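First, one chain by itself: the form deposited without the ligand, in structure tokens.
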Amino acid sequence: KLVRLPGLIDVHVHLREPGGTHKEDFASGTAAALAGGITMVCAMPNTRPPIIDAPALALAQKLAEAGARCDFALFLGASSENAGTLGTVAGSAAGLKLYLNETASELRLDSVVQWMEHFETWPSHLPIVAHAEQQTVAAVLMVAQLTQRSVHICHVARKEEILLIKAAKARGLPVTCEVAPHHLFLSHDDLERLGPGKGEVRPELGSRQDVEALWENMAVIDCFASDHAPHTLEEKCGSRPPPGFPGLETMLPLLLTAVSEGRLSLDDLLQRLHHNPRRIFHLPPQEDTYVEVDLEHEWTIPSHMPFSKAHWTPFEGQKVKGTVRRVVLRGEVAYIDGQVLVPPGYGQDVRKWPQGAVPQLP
């Protein structure tokens, strides 16, 4: 009755530690990952302090080693000050994250010249991912070409963006992309229900035509990734709502529902949650690691999933068919039927495994 899947990978999560641990920490965020059938996560650098230099990465690595319940890699973040300074630690990171749109954070880049500097100085064999919306996609693609290397575009959300990427792929350009579940399963039609606080996310929810274009262009999507971005309900409904949705616990049930409806195949899902994450980010296999899912059980998403400290979900009320029943991680039962059974600290930094270093010429 159960379907065995390999260990799934989410290349885009915000786990809030250090410095935002009321929103989530490594222990709670990785519990949510395991409950969502995810055994490896790549954590974004917009923490407090942000992971923009070697001391901050060293702290984050120890916090993750002590708190993570699944395996992980940590991104470095590009800043206005750190181009040319990350060479000694770069290979220990998941990749470099460029935040190219609106942020108040120390990740703000004020000029395309700063993007060029990062593309020129970051080691050429290591991943670069970008938060790049609308015309920014075209702009960062131009920088990538000028510097003759690849780029991965995070959370593609619009017809405009997926068609631009499609055209770049048709020209043989080295660009990959990911799409998040909210941009496949929610739209403007849902803003009335969510309200303007809860509904706040970047990239914003798309029109129905945006959603339909992402589905029609599934072939262009290399990865699914949650952009798990936990904030509490008080923050989402307060005066200055921060953008982002929690998503680890709902991503796989939503996508399994689509598989059951024939909207994409099981293989299409596994390419996008396993094989393509591995190959774009050079992430190693996990021995003795698998996920068992039940595809027959129908349930309704509640007002909050059990594990994320966000303690809310924008998918409340959607009917899904697909449940995570058991997760085994490196030979140990990590999750069964609503209970996480590996402690904080069971998870490891995959970039420290011999098989997890990115291959490079001498």
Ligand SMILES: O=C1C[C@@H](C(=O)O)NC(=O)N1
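Quick note: we count residues from 1 along the sequence shown, nothing fancier.
- When the mean C-alpha temperature factors of 20-28 and 345-353 are read from the deposited coordinates, 20-28 comes out higher.
- Averaged over their C-alpha atoms, the temperature factors of 324-332 and 37-45 are higher for 324-332.
- Across the residues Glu261, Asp71, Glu212, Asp222, the deposited record lists the maximum Cα B factor for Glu261.
- Listed residues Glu160, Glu117, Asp190, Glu133 were ranked by CA B-factor as deposited; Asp190 comes out on top.
- Ranked against the other modelled residues of its chain, the C-alpha B-factor of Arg202 as given in the entry falls in the highest third.
- Annotation for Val11: CA B-factor lies in the lowest third of the chain's modelled residues.
- Among all modelled residues in this chain, the alpha-carbon of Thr103 has a temperature factor (C-alpha) in the highest third.
- Among the modelled residues of the chain, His125 sits in the middle third by CA temperature factor in this PDB entry.
- In the deposited entry, the Cα temperature factor of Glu249 sits in the middle third of values across the chain's modelled residues.
Only in words, not in the display: the form deposited with the ligand bound, which the text now covers.
- Though the ligand is absent from this view, in the deposited bound form it lies within 4.5 Å of a heavy atom of just one residue from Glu249, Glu161, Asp227, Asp71, which is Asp227.
- Taking a 4.5 Å heavy atom cutoff to the ligand in the deposited bound form, the contact residue among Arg263, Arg202, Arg108, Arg149 is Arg202.
- With the ligand left out of view, the stretch that reaches within 4.5 Å of it through heavy atoms in the deposited bound form is, among 278-286, 184-192, 121-129, 236-244, 236-244.
- In the deposited bound form, the ligand sits within 4.5 Å of a heavy atom of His14.
- The closest non-hydrogen atom of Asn46 lies within 4.5 Å of the ligand in the deposited bound form.
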